[PDB]
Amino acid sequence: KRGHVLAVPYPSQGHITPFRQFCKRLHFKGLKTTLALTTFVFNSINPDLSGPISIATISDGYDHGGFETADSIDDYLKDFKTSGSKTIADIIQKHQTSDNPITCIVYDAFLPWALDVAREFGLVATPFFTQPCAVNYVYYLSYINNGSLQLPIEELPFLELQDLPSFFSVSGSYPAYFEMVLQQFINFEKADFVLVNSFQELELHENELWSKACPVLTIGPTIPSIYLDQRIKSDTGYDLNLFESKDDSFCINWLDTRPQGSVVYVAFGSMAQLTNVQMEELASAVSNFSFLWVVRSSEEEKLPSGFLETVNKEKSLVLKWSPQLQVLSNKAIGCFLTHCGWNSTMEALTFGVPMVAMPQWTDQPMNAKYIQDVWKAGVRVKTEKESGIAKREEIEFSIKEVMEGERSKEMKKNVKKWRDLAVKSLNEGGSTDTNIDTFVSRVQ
């Protein structure tokens, strides 16, 4: 009972969620955990503090208004390094005289400066990569190559330019985040372990390639236990949400009244923004089906005028935010039109829902390539090259290709094999269970 982990996610939904889920595993194994949330995020969730994972607050330098009040991404990340370094040190010091001092920092691999704080206080230090091995390996190769990548890549020859992360195909875009994803490897060989939110059996070739450069421990998937191994009965869903849902039994009740495999689920995660024109083609494309579509509140203005009040409430429904895990488990869902964020992708792969891949940026084009051509669990929509948008009739074709045809009945079979491989990996003796045990043993 001696070890104590301070877990520091990048302050966004797709990073806080896998960090918290991993903390629930550690707690089940006997390791005490504290999750470090920025003050802005903490005051937005109003979290329920009566739980097995304690909460501490740190600062990114934007306590009042968070990221949207920062001038720029580069200013945000530099100020987060400054204030985050000092406020993470504050938590360590405040726990020094306690019953269980902090002994280990699990920090988002996006924040390599947290290793320096852990090492200053003599702690165990492990970066946590929330993206899959193939993506991280691609970034590692570019980092070794002064931030460039010459295709073809010898060990992954099937990768074309349109499959690499967006920073390689959109020249000069988001230079501060490009630098961030490359500099995850600036010091990662000096950490006690390298953790990755994937499971070995999902990416055998890339895991072993990446491991040759630096030993990594796959510890995923971070899907709640009740849906897979079921050894942690208290782990029944995601319990830290940065977004309000109107208490959606509304959503699951409605899905129950629908025929099996009849609903197209459409969701673009917590972050990605679609243009006016993109929303136009999407709304026209999906209105050919029975659909459940998350349109985040900030995105509604880009819907075509009068769209919300012309959805027929017998076949279709539009939400501000969904209980995605419950949606993807419900049998009324025929396919998942997704931006190919890594958590959404892994959730779809484990629940056996075939995907229509509509990647937008960052690692999403990589996940899309793996969804279609490696795991063969869905189809990527084609975007015209001069314009860069996917029009309504290609989107509609891609959804049909996954709902009905001969291509359809193949991809349903393939995607159903991943759930068992994940349950095997999380159960006693599995790949991920063994790696989590290795980490827990070191921490204490």
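Heads up: residue numbers just count along the shown sequence, starting at 1.
Visitor: Using only the Cα atoms and their B-factors as the entry lists them, report which of 359-367 and 262-270 averages higher.
Guide: The stretch with the larger mean CA B-factor is 262-270.
Visitor: Which is higher on average in the deposited entry, the C-alpha temperature factors of 307-315 or of 210-218?
Guide: Stretch with the greater average CA B-factor: 307-315.
Visitor: Per the coordinate record, which of the options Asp75, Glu120, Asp108, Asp248 holds the highest CA temperature factor?
Guide: That would be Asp248.
Visitor: Please work out which residue in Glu155, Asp90, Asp71, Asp235 has the highest C-alpha B-factor recorded for this crystal structure.
Guide: Of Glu155, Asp90, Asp71, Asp235, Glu155 has the highest C-alpha B-factor.
Visitor: Which third of the chain does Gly352 land in by C-alpha B-factor: lowest, middle or highest?
Guide: Highest third of the chain for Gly352's C-alpha B-factor.
Visitor: Per the entry's values, where does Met180 land by CA temperature factor relative to the rest of its chain, in the lowest, middle or highest third?
Guide: Ranked within chain, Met180 CA B lands in the lowest tercile.
Visitor: Sorting by Cα B-factor within the chain, modelled residues only, which third would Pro9 end up in: lowest, middle or highest?
Guide: Tercile = lowest for this residue's CA B-factor.
Visitor: C-alpha B factor of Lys424, ranked within the chain: lowest, middle or highest third?
Guide: For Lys424, whose C-alpha B-factor we compare with every modelled residue in the chain, the answer is the highest third.
Visitor: Would you mind ranking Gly61 by its C-alpha B-factor against the rest of the chain and naming the third, lowest, middle or highest?
Guide: Bottom third by C-alpha B-factor.
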